[PDB]
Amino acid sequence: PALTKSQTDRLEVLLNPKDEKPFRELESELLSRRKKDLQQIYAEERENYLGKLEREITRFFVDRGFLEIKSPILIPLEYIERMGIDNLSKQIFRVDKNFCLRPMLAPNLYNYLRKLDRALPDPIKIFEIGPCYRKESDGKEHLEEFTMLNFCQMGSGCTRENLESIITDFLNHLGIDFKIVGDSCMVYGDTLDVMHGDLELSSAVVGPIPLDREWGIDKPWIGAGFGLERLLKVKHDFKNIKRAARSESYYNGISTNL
């Protein structure tokens, strides 16, 4: 008669946002739908949502004058201290005695900004997309392995207005609803946070900040960091961010346990 909590949980795994007693028939129907969804992907486009979003974001920023960076994921532990992360400090995945999995893209991008200032014309515009890692207790809006986009500009035109304009163009391009709000944190400021309801899509900063001196930066700058899995969650109306992650359990938000 009434579905159990465990049965409802099983059906929820197989339910997709656009879907509109006995359990076995409900399960059979959804299994059929999800198999057909995977079959359609396989027959036609064959692209993974996370990969495809990375490619779309890459095109957006390249076309707008930003240099594509691919920097190390395993970074020196000293970069954490140098970012002012003292006792986030408890969220770091340490590897060996001298390295960690990067929890953010900032330190590598600081180094690129400094180095490229010796070669490139003002303003210097760069971005990176790639894996980042944090130990998290939360499951709904957080992953321990996620994908960040960070873009930044240094030199001329590094105004709050320009930053808000890039953010607005970017999210209107992707078709993601948002509002920009004031907030603060230990590492940076004073940030602008880009929100979708109560979900943070991005934290953005208008420099300079005193942290810059440690990285050999003495020019104005602006930048923002976005989680790609959060963008996908909002775009595809996933109830849990696990549907948007690098995963063996979901493919393009479709359960692989069929």
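Quick note: we count residues from 1 along the sequence shown, nothing fancier.
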Taking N87 and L88 as adjacent modelled residues, how many residues of the deposited sequence between them have no coordinates (none, 1 to 3, 4 to 9, 10 or more)? 1 to 3
Looking only at CA atoms, which has the higher mean B factor in the entry: 33-41 or 186-194? 186-194
Select lowest, middle or highest to describe the third in which the CA B-factor of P107 falls within its chain in this entry. lowest
Quick check for you: using the entry's CA B-factors within this chain, is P121 in the lowest, middle or highest third? highest
When the modelled residues of the chain are sorted by Cα temperature factor, does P76 land in the lowest, middle or highest third? lowest
Can you tell me which third, lowest, middle or highest, the CA B-factor of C158 falls into for its chain? middle
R114 - which third its CA temperature factor falls in, relative to the rest of the chain: middle
